[PDB]
Amino acid sequence: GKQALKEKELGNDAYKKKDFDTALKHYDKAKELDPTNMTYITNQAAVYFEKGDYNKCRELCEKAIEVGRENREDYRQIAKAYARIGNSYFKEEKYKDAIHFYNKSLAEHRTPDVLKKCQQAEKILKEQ
Amino acid sequence: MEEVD
Ligand code: NI
């Protein structure tokens, strides 16, 4: 499992500098080596989110959750996957869906950042 | 940016 984590980290470093092609290629190698790890998939979802491809981001998040449900110990990462789907809807101003997925996320694992994002989306929707 | 793990 060692090499996969090395590949993931080189991908993370690239992602942060906005070098998305490099990030995807290293995450691909990490997935090839450790296919039951949903983190490499959610990381690829982050890359598409930042490229503005919200649909692909959500497709990957759904995929990650599928993989994660197999290993019944990833509740925190599943919460993260749901939150990312929520964020992608938020970016597109599709607030009802953003709120709905933040709730799915919170039910798995409550986090202050997701709660804050949800409250923000709730305030925007309520006013509308 | 979105957070990576
Ligand atoms: Ni490389």
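These residue numbers are counts, starting from 1, taken along the chain as shown.
The header says X-ray crystallography, 1.9 Å.
Any Cβ shown, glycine's included, is placed from N, Cα and C.
Copied over from Swiss-Prot, here are the features:
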type	residues	note
MOD_RES	A:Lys80	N6-acetyllysine
MOD_RES	A:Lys91	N6-acetyllysine
MOD_RES	A:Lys104	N6-acetyllysine
MOD_RES	A:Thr111	phosphothreonine
MOD_RES	A:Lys123	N6-acetyllysine
REPEAT	A:4-37	repeat 'TPR 4'
REPEAT	A:38-71	repeat 'TPR 5'
REPEAT	A:79-112	repeat 'TPR 6'
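Features as recorded by Swiss-Prot, highlighted on the structure.
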| residue | record | CB count, 10 Å |
| --- | --- | --- |
| A:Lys80 | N6-acetyllysine | 27 |
| A:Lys91 | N6-acetyllysine | 13 |
| A:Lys104 | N6-acetyllysine | 16 |
| A:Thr111 | phosphothreonine | 16 |
| A:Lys123 | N6-acetyllysine | 11 |
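Remote same-chain partners of the repeat 'TPR 5' (A:38-71), defined as residues 6 or more beyond its termini with a Cβ less than 8 Å from a stretch Cβ, comprise 4, 8, 11-12, 15, 18, 20, 23-24, 27-28, 30-31, 77-78, 80-82, 84-85, 87-89, 91-92. Annotated pair A:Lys80 (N6-acetyllysine) and the residue listed as 'phosphothreonine', C-alpha to C-alpha distance, rounded: 9 Å. The closest partner of A:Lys91 (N6-acetyllysine) among the modified residues, by CA position, is A:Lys123; the full candidate set was A:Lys104, A:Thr111, A:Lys123.
Sorting the repeat 'TPR 4' (A:4-37) by DSSP state (H, G, I as helix; E, B as strand; all else coil) yields 27 helix, 0 strand, 7 coil. Long-range neighbours of the repeat 'TPR 6' (A:79-112) within the same chain, counting only residues 6 or more positions beyond its ends whose Cβ lies under 8 Å from a Cβ of the stretch, are 38, 42, 45-46, 49, 54, 57-58, 61-62, 64-65, 68, 118, 121-122, 124-125, 128. With DSSP classes pooled into helix, strand and coil, the tally for the repeat 'TPR 6' (A:79-112) is 28 helix, 0 strand, 6 coil.
Taking the Cα atom of each, A:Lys123 (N6-acetyllysine) and A:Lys104 (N6-acetyllysine) are about 18 angstrom apart. Reduced to three states, the DSSP call for A:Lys123 (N6-acetyllysine) is helix. Counting residues per DSSP class in helix, strand and coil order gives 31 helix, 0 strand, 3 coil for the repeat 'TPR 5' (A:38-71).
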